[PDB]
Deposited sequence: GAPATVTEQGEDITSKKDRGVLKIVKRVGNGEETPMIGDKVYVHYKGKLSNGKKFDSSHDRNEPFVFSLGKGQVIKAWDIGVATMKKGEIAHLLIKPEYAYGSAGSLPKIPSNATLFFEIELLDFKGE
């Protein structure tokens, strides 16, 4: 399934090249501006523990956050910074770039790998 495909084919977008955040572009976006630290970012997403979703669509609204401000897991600050408006991307994320050994119960156990599909809807500078 889609997590395994990211394992096999995804790009390592970590600075350390530790395969902590792996990415596949599923639909190409437009623009050649990507988000930068500080921007207010609007996305839809579906996420799950890699072993099989929480979705923004379950709440009938986009998920909104400020990029690079630690309002989200590290993997999202790294990954969304690579995305163009209109892009749909898949991320597979090791615990070091998500919730680590502590986890975040009840939704996330210790040492969890996470999978997201993210659509970047829009972004605006602070």
property: Gaps in the model, given as deposited-sequence positions counted from residue 1; result: 53-54
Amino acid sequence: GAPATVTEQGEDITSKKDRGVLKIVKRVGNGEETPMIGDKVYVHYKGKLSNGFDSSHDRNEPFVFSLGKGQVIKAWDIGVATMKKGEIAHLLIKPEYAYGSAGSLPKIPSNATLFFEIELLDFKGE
From here on, numbers count along this sequence of modelled residues.
| query | finding |
| --- | --- |
| Mean C-alpha B-factor comparison - 31-39 and 84-92, higher one | 31-39 |
| Mean temperature factor over C-alpha atoms, higher-scoring stretch between 74-82 and 53-61 | 53-61 |
